[PDB]
Structure formats: C-alpha cells, structure tokens
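need the 3D shape of this:
(chains A, B, C and D, ligands or ions: 9)
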Amino acid sequence: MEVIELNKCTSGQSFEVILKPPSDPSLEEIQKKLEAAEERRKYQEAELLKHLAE
Amino acid sequence: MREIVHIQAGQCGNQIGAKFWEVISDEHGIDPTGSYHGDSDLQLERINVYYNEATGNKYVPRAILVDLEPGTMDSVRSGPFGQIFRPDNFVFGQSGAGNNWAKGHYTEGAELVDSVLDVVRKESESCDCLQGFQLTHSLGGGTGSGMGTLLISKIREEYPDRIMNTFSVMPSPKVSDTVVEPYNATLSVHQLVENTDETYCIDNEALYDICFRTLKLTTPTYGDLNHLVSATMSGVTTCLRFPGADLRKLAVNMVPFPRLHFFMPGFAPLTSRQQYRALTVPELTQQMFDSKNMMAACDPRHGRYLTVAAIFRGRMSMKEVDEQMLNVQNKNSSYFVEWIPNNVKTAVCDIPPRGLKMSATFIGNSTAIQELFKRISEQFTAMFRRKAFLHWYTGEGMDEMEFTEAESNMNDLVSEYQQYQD
Amino acid sequence: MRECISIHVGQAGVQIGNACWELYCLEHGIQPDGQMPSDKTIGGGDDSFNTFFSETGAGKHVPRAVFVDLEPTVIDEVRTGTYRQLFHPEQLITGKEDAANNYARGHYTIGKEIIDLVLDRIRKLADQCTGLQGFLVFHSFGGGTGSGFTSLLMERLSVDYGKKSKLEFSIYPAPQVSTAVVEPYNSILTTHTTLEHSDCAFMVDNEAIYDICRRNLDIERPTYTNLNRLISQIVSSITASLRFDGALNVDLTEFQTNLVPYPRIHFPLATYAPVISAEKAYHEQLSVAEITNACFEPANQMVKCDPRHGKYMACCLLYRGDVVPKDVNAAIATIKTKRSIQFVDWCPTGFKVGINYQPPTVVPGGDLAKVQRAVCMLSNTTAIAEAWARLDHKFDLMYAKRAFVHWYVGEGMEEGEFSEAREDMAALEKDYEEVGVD
Amino acid sequence: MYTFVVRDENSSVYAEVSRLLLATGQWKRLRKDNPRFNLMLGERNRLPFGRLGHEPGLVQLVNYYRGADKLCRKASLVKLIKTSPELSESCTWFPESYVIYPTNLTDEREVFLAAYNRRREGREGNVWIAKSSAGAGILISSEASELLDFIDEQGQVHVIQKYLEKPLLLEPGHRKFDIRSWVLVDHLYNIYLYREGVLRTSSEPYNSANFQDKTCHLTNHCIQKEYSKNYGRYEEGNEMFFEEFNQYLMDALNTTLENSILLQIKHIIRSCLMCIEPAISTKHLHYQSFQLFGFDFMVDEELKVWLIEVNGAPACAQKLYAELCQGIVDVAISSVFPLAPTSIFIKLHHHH
Ligand SMILES: Nc1nc2c(ncn2[C@@H]2O[C@H](COP(=O)(O)OP(=O)(O)OP(=O)(O)O)[C@@H](O)[C@H]2O)c(=O)[nH]1
Ligand SMILES: Nc1ncnc2c1ncn2[C@@H]1O[C@H](COP(=O)(O)OP(=O)(O)CP(=O)(O)O)[C@@H](O)[C@H]1O
Ligand SMILES: Nc1nc2c(ncn2[C@@H]2O[C@H](COP(=O)(O)OP(=O)(O)O)[C@@H](O)[C@H]2O)c(=O)[nH]1
Ligand SMILES: [Ca+2]
Ligand SMILES: [Ca+2]
Ligand SMILES: [Ca+2]
Ligand SMILES: [Mg+2]
Ligand SMILES: [Mg+2]
Ligand SMILES: [Mg+2]
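Residues are numbered from 1 along each chain as shown, chains lettered A, B, ... in the order given. Ligands and ions are numbered 1, 2, ... in the order given. Structure data below:
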C-alpha cells in the first residue's frame, strides 16, 4: 500500500497507489477498396438494366 | 424532405387510393380544397412526405391517378375530396382493359404508359430528395394488375435505386368479378417478386369475412372493404407521416431475403356498432395479433414470422405497451424464427386516427403468406390445365409458355417460403 | 497546451455530442453566445479549456468539433438549438439521405462521396491547432452512418494524421431502444475495420444506461434526452483531465499508456456513481468509500458484465468533488479485503487516482441531482469480452442463414467481408480469454 | 406461462424437474437455443453465463452459480481452503492436502515431502491417497515414491491428501462408508440442506494392511457394484438412509446422528458456501443463479466429520428423486416464478 507521484495543484491532485508489484492501408489502397465496391455496384445495376431491356 | 410519390391504377386502385387520401387528409387537417385547418403542428411536421405545397399555402397530394377507362376516375373527381388532386395528374384512356392482364401490360396499357411516366417524372423533379414510390392496385383485374406492374417495371428502369412499395389487393373466388382473376394475379405476383421492395398483401376474402363475422355487416360492399383498407393504409404509413423511419430503413429491417417481401397487415380495434367503450392496451395487443384482425387471410399459426413491426397510436402507457408486446412474443415464441434476434419492433405515435382514442396497426413478414400464393396457384392450375379462358390472352399476343413460367415462378416462391418455415 | 478535435458521426454521435458541449459550457462558464466572462485573455490563451475551445477576436469560445450526418434532421437541432451560436456552418455537415442502417451504404456508397468533404472541414480545425493531440470520435455501432462512415473516417484519419491519437465513444446496440434488426452486422463490421485505427474506445451499452435511468432516476420509459444527459456526465468525467489543470491523463497518449498495455484489448469498462434522482426529496450525501465501493457493483457499469470473473489490466479512479487522497486509499483498502480483484500477473496491482475538486455539474432541469462528490472508474477487465460474445452470437444466428446480407452486397460490399470481420472478432474473443482465464 | 430450456440431457435430477415443470401446466419448454426463456437448465461445461439477463422484459434464472467450480474441483478446493482466511490452512475438518502437478507440465511437491518425511520419522500413520478430477484412476499407497511416480505417468493435475486410516466402521461387517448430503442454494443465497442423506457403504470388511485391493477402501456406488462381491447384502444397493443409520448410532454408540455428525456437516456446508459467497452471489446481478451441491463426507472412529469433496452436478438416490426434485421447484424455481409442509430442507441461517 504505497502512494507515488503525488502531484497537487489548485484545482485538484493526482497520485498512484501500488498494492502489489507484477510477476495501415495507404491512401491509394483505400481508394482502391472504395472504387472496387463502386464497380460491383455498377456491374449489378448494368445486369438489372440488361434484364429490363430484355 | 423525404418525398413519396403515390400512384393508383385501375378501378380498385383508384377507389382505395381515393379513400386513403380522404383519411390522411383528415389526419393532417387538409380539407377538400387543400387548405390546412388543423390545430397541431405535428400535422405539418412531415406533411411534405405526401403533399406538395402550392401557392396560397395549398397542399396538393403527390398522387397520380391512372386508368384505362374514365369511369372510376370521374367518380373520384366527383368524390368527396376529388377537387384536391392535381388535375394534370389524371391520366386515362378510353378502351378499358377487360379484366385482362395482357391488355394492361402489353397492348392497351403500353399505349398509355409513357404519358403516365411523364407525370411521374414531373412529380419527382420537384422532390427535394425522393424516398420512393407507392402503388395501390388490385392483382385480379387488367389495369391495376397488368398496367400497374408494367408501370413498376418502367419506374425501376428510370429510378433503379429508389424504393418501390405497393398495396396489392389479391383476388378471392368469394369476392370475385371474373373467373380470370387467378390468371391475372399469378402474372402480377412474379412482377412484384422481381420489382417491388415491399408489398402489403390485402386479400379481399379476409376483408369480407372481417366485415361479415367481426363487423357484423350482413351484406358487405366494396365500399365497406375499402373502409378497412383505408384505415390500414393510414396505420402502416404513420411511421412516415409523423415524427419517430424512411422507406429504405423499413425495408432493410423487414426484408431478410430479397424475394420474401410480402407482408400481412393488421388493424385494431375492429368494432361493430359497444363502440364507445375504451380499449385497453392488452385488448389492442390481443386483437392485433389475432388472425381475425389480419387482412391476408392466412393463419400465422401455420407459419413463422421473419420480422414484425407494430405501431400504436394514441395517448397510452408506452411502458404498458412494451409489457404487452413482450408478453405476446414471450407467450408464443414458437411462431417467431429464432435466427433473427429481436425481430419484433414497436413504435408509438401520439396522434390517434379519427374517432379512436387509440389503435394499433400490425405489419408482419410471415411465411404463412405462402398459403395465399398456394390458393392462387391451385386456382390457376385448375383452369390452365384445360387451357380455359386463355384465348382472351393469346388474342393479345401472349403465348402459353409465358403462363407456364408464371406458374413455375409462383411455385418456386411457395417452395422458398416453405424452406424458411422449417 | 495541445488541442483536441471532437468528431460526431450519425444520430447517436451528434445527439450525444450536443449533450456534451452543453455540459462542457456549463462546466467552464461559457454562455450560449460563446462568451466566457472568466476568460481574462480576450481572443487568445493556452489554458486547459482551450484544448476544446478556440477563441475569436470577439471573445467567442468555439468548440473544436465537427458534426457529420448523412441526413440533416438531427443536425438541424444544433443549428437552431440553445447553443446554435457556438458553432458556425462549416462545422455542421449533413447529407440528404441516411445509410438506412446499412454499414455498406455508409462506408462505401455514401461514404466515398462525402469523405473528402469531411476531411476538408477537419483540416480547417486542425489548421487552428498549434499542437493537435488527436481526435475523439462519437458514434453508434448500430447505425449505418455511425458504423459504416466512422470506419472509413478512421482509416483516412490514420493516413492524414499518422502520429495522432484517436479515441472512441461507441454506443453498443440494445434492443430496448432500437428498431433495427441488423445492428449486430454493423457493429462487427465497424469494429473489424476500426480495430487497428483506434487507440482506446469507451463502449457504452444502451441497455446499461437504460436501466440506470429506470433504477436510479425512476424514469419509467427513458428517452434519448435522458440517456444522453447521463452519457455526457460519464464522457465529461473521462475528458475532464484534458480540460482542467491536472497531472493524470493530461494528453490523449496517456489514455493508452494507462489503460491499454495490449493494443487490440483497448476497450476499458466505465463505472460511474452516484446517479441520484433530482426529483428525490433529499438524498443522503454518499462518502468516498461508498461511491468507490459502488464502482465494483455491476449495476453502475456502462456495460453489464461480471468483473469478478475476469482479470484487470489497468484501473483509474477519476474523482470529482470533496475528495482527499486519505479517504480514497482508506476505501481502496476496505474494498480489496472484500471484493475479488484479480490482476494479470504481468501487470501491477495498482490504482492511478485523479481528483478534481470541482463537483459534477448538472444541467438545470435535468434528471440528475447535485452531489458533493462522484467517481468514474476506468478498468480494463477481460470481463467486457462478455459483450463481444453476446454480439458475435447474434451475428452468427443471422449470418448462418445469410439473412439481410443482400442489402450489403447490393451496396458493393463483398460477402467475404462478413466472415473476414467475424474471424477478426473470434480472434479478439480468444485474446481476451488468453489474457484472463487460466 | 413460464418458459424454460434444457441444455443438459444427461441430468437425471433436472430431467425430473423438467418433467415436474411441465406437469404444472404453467411451464412451457422451448428449444435449447431459444434465448426467450425464464429458466435455463444449463450444461455442465462452459455454460454461457455472459448471455444471460440481456433479454428485455425477461427475468432469467439458471441452475448453476458462475464460479462455483472453485469449490467443486479437486485442485481448486485445496487452493481455496489453503488461501482463504475464512478457512485457513489450519482448517480442522479437511484432510491435509497438496496440489501436485505432473513433472511434464503453484505446485506443492516439496511441501508434501517435508510433511511426509516428518510423519515417516515420527512413527505416525503415513498413508496417503492420490486422485484427480479426470478419473472415472485412484491410488492408495504408504510410500511417497509410488504416489509421485503414479501422477507423472498421467498428465492432469492431481491432489495428494492424508488417507483416513481410522474410519468409523459399521457393524456387523466392519466396513467403511461415506455420507452424501444434498445442499440447495437459491437466488437469495439461502443455504438449504436436504433432510435426507445417504450413506454409500462398502460391503467388504475394511482391511488396513492391503491398500492394493481398493474394494473395501473406496465406497463409490459404481465400484462396490462392479468390483465388490457382497453388494446389497447388508443394505439394498449399499445405501443406508438416515433413519437406519441414526438407529444404529443409538444402539451401538449411544448417540444420535444429529449430535455426533450432522452438526459438523452443517458447519462445514456453511463454512464452504459462505466463503465463496462474495465471488458467486447473483444478488446485484442482471440474472439469478441457484445450484444443487453434493457434499461427500468421511467419519472417523472419533465421530469427527471430514469433508471429502463437493460435487456441482450431483445425482440423487433413486428413493429421494421425487421428494428432492419437488423441493427444487418449490424453493429454487417457483420462488422466483410463482404458480397460480413442513419443509423438506433445513435452512442454515448465516450473515451475508
Ligand atoms: N445513447 C443513444 N443512442 C442512440 C441515440 N440515437 C440513436 N442511438 C442508437 O444508435 C443505434 C442506431 O444508430 P443511429 O446513430 O441512429 O444511425 P446513424 O448513425 O444515424 O446512421 P443511419 O442509418 O444513416 O441513420 C440504435 O442502437 C440506437 O439505439 C442517442 O441519441 N443516444
Ligand atoms: N483422504 C481419504 N481418506 C479415506 N478415504 C478416502 C479419502 N479420500 C477419498 N476416500 C474414499 O474415496 C471415496 C470417494 O472418492 P472421491 O469422491 O474423491 O472420488 P469421486 O469424486 O470420483 C466419487 P463422488 O464425486 O461421486 O463422491 C470415498 O468412498 C472415500 O472412502
Ligand atoms: N377491396 C376492393 N377490391 C376491389 C375493388 N374493386 C375491384 N376489386 C377487386 O379487384 C379485382 C378486379 O380488378 P379491377 O380493379 O376492378 O380491375 P382494373 O380496373 O382493370 O384494374 C377483383 O378481384 C375485385 O374483387 C374495390 O373497390 N375494393
Ligand atoms: Ca389502341
Ligand atoms: Ca483565453
Ligand atoms: Ca494508427
Ligand atoms: Mg372492375
Ligand atoms: Mg441517421
Ligand atoms: Mg466427483
């Protein structure tokens, strides 16, 4: 039961108590993901329109 | 500003649509001349969802009236609220469709469709952000069924990423105009399977039995049946017409599989004329989930609910609502699929319908709906196996193969409902 | 002084953010017009509160915040609300139609078209900072924007601000206050793509906030306003150290240093007490020991779970009000002899303590009663993994039938991203077990 | 209408409780994966406690206390007793025990040998017994060399404890026995002792000079009915109930079952359950727990009671299934989910 690093100021104080010691994707890659999903959307809508044209 | 464009096609579609705008116009305080005269700001908060704001603070419905003969729409124009519809939005021919899906879809209807899309395009070009479309029609006739599904096909081509909703009256031999109604209903159902996001299935037999057995109407009329449909359309659209979300959010939460988007609606109370009695929350809940109060003529105890949405209207105990709803689920959990957690959602609205202290509308995506498509399929095959009445259709350019494919599409849809019921 | 930028995404993030800045203003003495009478340095200053508020020459104190929603009805509340004068238009970004509770729609379809605009508005706030610390990102798990667009924003923030810390305040989905059925999908999709981009995340379960409102505030059917005011109290207790003079959690990096020794395990459990009903006749003010003891009661946790059956990796006690270190250590001793507090063998069994003398501020007319002292405990327990298990299980029930999957595929997402996300969660659940159980 | 689920089909006990629940016409059974339940008869291993109490509007109850395995595990019970100040290392009613990990894997090997060498030097009885939780595999031996070598051949944690060389022997027969007490803890952590116990007796004369034949040393119901040749001679199924055993203690030892044994049993049950109460109580939890425990006791020729082990998934005696299972529904289930005496349990009051 020890108290360490007791810091005090006008608005409060802080301290530590030890009870026991111990024992990314680039900007380019993000654009590719975003544009790949947009391409699959375009392909799906093309097939729907091709379906409606038949 | 999430505007909805309303379309009503054919006799049934225009008579039901007429009453619908009659009911909600009252709820939003719009009079027969489009002038607002309510007393609550809640009426106008989402008024632009269905009405356009014209000069002089006039509210004009965003509705397009379509038919292949003039008779019915002349009635609407002469009806109670007939003056409120934009005159340019009346689009009609003179030939009629002879209760013939082929005439509405391929011949007579195709001659008139382009002019209808010009009006649709006009209403959309004035929408800040178009939510989607709703169509009221019957499946048993020729115009609403054949031309209605043709309109849906051309609306999906021009607005592929907008929600398409319909209120579809399914034919029944007990409330029948002609014997070819199964032919027309089977041809339309496949169109709906492909091209609608949500279809509220309204069976005329359920409406009839409700008017006779429950409402104690000795001799029901189409007008009486339309009273039920009006009240139901007002209930299911409360989510959209008052604060509390949009069509695509509803579809996302109600449709787990693209083709199984056919809903059973329900309404409560349904009182015969003991009509002034207050209705408690438990009573609302017991009736709303009772088959007798459902309008698809399917026993939910024969299948299972994929999703359920319930809307309560009036000033009531929201705490007491949750208690009763959770009481219904937790007392019949064998009729709810266990692989969609929390598939029963409830919403409250403070504004009740005219003449009711409180009410409840019920929107269920149930596999029991396959009984409806089974009835139609059996009636279809009873005639098609003898090619009875086909000449009305082959005479308009159709081939027997198109009927065989519609038959198979229907039986596939039934089989798809059957696999999820187990 | 180093600035912090707050980002609010979706309805949950916007409405919660609106409640927080309301509380922040009442705490720092800022009026709805932005004026701050106590700020004697007009139009400038590097005080602690300046980490969250910039200043104009006219004396206005402007939040370092950005609000983002793909639909404008929630943000229009801020534009015409009580504190409308605080923000200027560039800070409030709104689309025309939401993501329909569809992760893929928020991340891909609509996100791709608005992401550059958001980063541009954030860049403008960053340009006012002389030493930006990082970002605090508020959002829901279940919303299509809160989940889908947030994950995209966190990826770009890591690219545009590599060396900057990012913390989340995430709302965990609860059926009692939700009409959406696909939220398990969205929660797991957004956790998967956000995991490697978030340094520390505070999950708040609506179920827990809901029950605290009914149990402690006697609200029969809590509203979002009730939930958000309570949530902003907890958020205020957590961010107070960045806005006031102090020595514990003075910058965003110290949140990871003190709460997250293992990076993927960065979801601390928040516990708060006391929550007293204002409508009460007059409550007996609780002692330091009683409010501290309350931090180990499951009923006051932001996520319902049983810390008795996990292991602790860290633990901070944030006190506000009449509290002196003598009473804190006395209560801590009393609790170690009664409670089951198991620490991991490779972590010290200690408690970092911070005391702020200014007691909790309460919104006039709110539901919370004024208390002389309050505490928020931040503890990294493996017990919070219970929440992942619950969520992953619901995910498995629906995904086994592919229910609702077509909605996501239809917006351009591949089906494989579902299983890729689910396997990442299964690895996350395994990490918690390796750290906590024997 | 209350709903419950069954997730352990092998539970003779709760199979009867499920039979009784349905017989009331007020309980409905659901599939084993339906989350909308009031009561869960959960599985033995890896019960998903984390998923309980998160269904809106459903009070949920489960028949297992999360964390009670500390008491019902061989190695765990030893650790709990030796490290819990409430029980202390000097606990007088639990045999001297040590946790011994096999050499192929803290561990108490050297501590055991020290106390062993002390007994060997002081001419005292130095007979120990080795066992584990992965057995049907038990060994009784007086040489430490055999005990340790037997564990290394295995691969699971074991426990070595003193073997009671002076057990109380019923007569006629000159035979060993053990006592099974059933204890039910409800959601309020009330400790209820079933008024009916069972002595699982050995039908073979206890032989103290031959621990190789484990038929007169191990009083397990399965061993006596498989490796013993006098099964069912003195009492049906090697099961003597309290009525007969009490009458015996009066005719022979001139005492009662209550004064000589039951007081100690009640004290031991309380000490064990009060100890772990702060760790397993569901008083302030989002769900509720109850559980049936099976305490096994030993009795020496001094009428001192010794605790053997605690079973968390115990079976019952065939003659007491009806009375006990009904009692489980009365105090443990219907107490939380009421329906539209002279209790069969003995409430052991205590301070929570
Ligand atoms: N605590 C709290 N939770 C909220 C609030 N608003 C919404 N939620 C929760 O957030 C989830 C829904 O996500 P939203 O934030 O509303 O959706 P969104 O981020 O706006 O994304 P969209 O789908 O485009 O609308 C549900 O679980 C709600 O319970 C709020 O104000 N406070
Ligand atoms: N220290 C000891 N001294 C004397 N006998 C002992 C003993 N430990 C165990 N026994 C004997 O072993 C038998 C019980 O063994 P134990 O209970 O450890 O195995 P087990 O747990 O697989 C059977 P159950 O769990 O059903 O009671 C009793 O009949 C008892 O006579
Ligand atoms: N509920 C209801 N059903 C109708 C109404 N009018 C017709 N129907 C049903 O609709 C089918 C006939 O279709 P109809 O609308 O008259 O054909 P259309 O004018 O060519 O579209 C039959 O099944 C009728 O039972 C009506 O006003 N209300
Ligand atoms: Ca013509
Ligand atoms: Ca200043
Ligand atoms: Ca990073
Ligand atoms: Mg007609
Ligand atoms: Mg939203
Ligand atoms: Mg055992």
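
quick one: the residue in the stretch 251-400 of chain B positioned nearest to ligand 8 and residue B:22, what's the gap?
Per CB to the ion, residue B:252 is where the stretch 251-400 of chain B lies closest to ligand 8, at 12.2 Å. Just so you know, the C-beta spots here come from the backbone N, C-alpha and C atoms, and that holds for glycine as well. Residue B:252 sits 31 Å away from residue B:22, going by CB to CB, to the nearest Å.

tell me which of those two has more neighbours.
Ranked by neighbour count (other CB atoms under 10 Å in any protein chain shown), residue B:252 and residue B:22 place residue B:252 first, with 23 against 18.

tell me the secondary structure at the more buried one.
Here residue B:252 is helix, with the state taken from DSSP: H, G, I helix; E, B strand; the rest coil.

test my guess that it contacts residue C:182.
Yes. Here residue B:252 reaches residue C:182: they are 6.4 Å apart, a contact under CB atoms under 8 Å.

what touches both of the two?
Jointly contacting residue B:252 and residue C:182 under the rule CB atoms under 8 Å, 6 or more residues apart in numbering or on different chains are C:101, C:102, C:404, C:407.

residue A:4: neighbour count?
10.

same check on residue D:88?
11.

so it, which of the three states?
From three-state DSSP, the assignment for residue D:88 is coil.

contact partners for it?
Contacts of residue D:88 by CB under 8 Å, 6+ apart are residue D:81.

quick check: the gap between it and chain C.
Distance of residue D:88 to chain C, computed by CB to the nearest CB, to the nearest Å: 16 Å.

mind listing what's buried along stretch D:330-341?
Buried residues in stretch D:330-341, counting neighbours by 16 or more other CB atoms under 10 Å in any protein chain shown, are found at D:330, D:331, D:332, D:333, D:334, D:335, D:336, D:337.

how about those in JSON lines, adding secondary structure?
Supplementary listing: the buried residues of stretch D:330-341 in JSON lines, determined by three-state DSSP:
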{"residue": "D:330", "secondary structure": "helix"}
{"residue": "D:331", "secondary structure": "helix"}
{"residue": "D:332", "secondary structure": "helix"}
{"residue": "D:333", "secondary structure": "helix"}
{"residue": "D:334", "secondary structure": "coil"}
{"residue": "D:335", "secondary structure": "coil"}
{"residue": "D:336", "secondary structure": "coil"}
{"residue": "D:337", "secondary structure": "coil"}
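
what residues sit buried inside stretch D:280-300?
Within stretch D:280-300, the residues that count as buried by 16+ other CB under 10 Å are D:280-282, D:285-299.

meant to ask about stretch B:320-333
Residues B:320, B:321, B:322, B:324, B:325, B:326, B:328, B:329, B:330, B:333 are the ones in stretch B:320-333 that count as buried (16+ other CB under 10 Å).

where along the stretch 51-200 of chain B do the helices fall?
Using DSSP state H, counting those that start in this stretch, the helices assigned to the stretch 51-200 of chain B run over residues B:71-78, B:101-105, B:108-125, B:148-158, B:181-195.

and what of chain D?
D:12-23, D:69-72, D:74-83, D:109-121, D:144-152, D:221-227, D:242-251, D:257, D:263-280, D:321-328 (DSSP state H).

export the helices of the stretch 51-200 of chain B to CSV and append columns for distance to residue D:70 and mean neighbour count.
Below are the helices of the stretch 51-200 of chain B laid out as CSV (distance: least, CB to CB, whole Å; neighbours: other CB atoms under 10 Å in any protein chain shown):
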stretch, distance to residue D:70, mean neighbour count
helix B:71-78, 77, 16
helix B:101-105, 73, 29
helix B:108-125, 68, 17
helix B:148-158, 63, 22
helix B:181-195, 58, 24
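
out of those helices, nearest to ligand 2?
Ranking those by their distance to ligand 2 (criterion: CB to the nearest ligand atom) puts helix B:181-195 first, at 61.2 Å.

packing partners for the closest one?
Packing contacts for helix B:181-195, counted by 3 or more CB pairs under 8 Å, 6 or more residues apart in numbering or on different chains; DSSP states H and E, involve helix B:101-105, helix B:148-158, strand B:163-170, helix B:370-384, helix B:400-420.

that one to helix B:370-384, inter-axis angle?
Per axes from the mean of the first three to the mean of the last three CA atoms, to 10 degrees, the angle that helix B:181-195 makes with helix B:370-384 is 130 degrees.

please report the distance of the one residue in chain A that gets nearest to chain C from ligand 5.
Per CB to the nearest CB, residue A:37 is where chain A lies closest to chain C, at 3.2 Å. In this view, residue A:37 and ligand 5 are 46 Å apart by CB to the ion, to the nearest Å.

look up phi and psi at that residue.
phi -60, psi -40 (degrees, to the nearest 10).

I'd like the helices of the stretch 51-200 of chain B as JSON lines, with distance to residue D:118 appended.
Output for these, formatted as JSON lines (distance: least, CB to CB, whole Å):
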{"stretch": "helix B:71-78", "distance to residue D:118": "106"}
{"stretch": "helix B:101-105", "distance to residue D:118": "100"}
{"stretch": "helix B:108-125", "distance to residue D:118": "96"}
{"stretch": "helix B:148-158", "distance to residue D:118": "90"}
{"stretch": "helix B:181-195", "distance to residue D:118": "85"}
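
still on that earlier bit, nearest approach to residue B:379 belongs to which of the helices of chain D?
Closest approach to residue B:379 among the helices of chain D (CB to CB): helix D:12-23, 43.1 Å.

so which bits of the stretch 1-150 of chain C are right by ligand 5?
C:39, C:41, C:45 (CB under 5 Å from the ion).

kindly give a single ChimeraX line that selects the buried subset of those residues.
Buried subset of those, written as a ChimeraX selection, criterion 16+ other CB under 10 Å:
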select /C:39
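
show me what contacts the residue in the stretch 251-352 of chain D that ligand 8 sits nearest to?
Going by CB to the ion, ligand 8 is nearest to residue D:286 of the stretch 251-352 of chain D, at 29.1 Å. Counting by CB under 8 Å, 6+ apart, residue D:286 touches C:298, C:304, D:52, D:53, D:54.

how close does the residue of the stretch 151-300 of chain D found nearest ligand 1 sit to residue C:212?
Relative to ligand 1, the nearest point of the stretch 151-300 of chain D is residue D:286 (18.6 Å; CB to the nearest ligand atom). According to CB to CB, residue D:286 and residue C:212 sit 12 Å apart.

over to residue D:98?
Taking CB to CB, one finds residue D:98 at 47 Å from residue C:212.

would you map the strands across chain A?
Along chain A, the stretches classed as strands by DSSP state E are A:2-8, A:12-20.

still on that earlier bit, with distance to ligand 1 added, can I get the helices of chain D in JSON lines?
As requested, the helices of chain D are exported to JSON lines (distance: least, CB to the nearest ligand atom, whole Å):
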{"stretch": "helix D:12-23", "distance to ligand 1": "35"}
{"stretch": "helix D:69-72", "distance to ligand 1": "35"}
{"stretch": "helix D:74-83", "distance to ligand 1": "40"}
{"stretch": "helix D:109-121", "distance to ligand 1": "55"}
{"stretch": "helix D:144-152", "distance to ligand 1": "54"}
{"stretch": "helix D:221-227", "distance to ligand 1": "53"}
{"stretch": "helix D:242-251", "distance to ligand 1": "57"}
{"stretch": "helix D:257", "distance to ligand 1": "60"}
{"stretch": "helix D:263-280", "distance to ligand 1": "32"}
{"stretch": "helix D:321-328", "distance to ligand 1": "39"}
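
for those helices, which one sits closest to chain C?
Closest among the helices of chain D, using CB to the nearest CB: helix D:263-280, at 4.9 Å.
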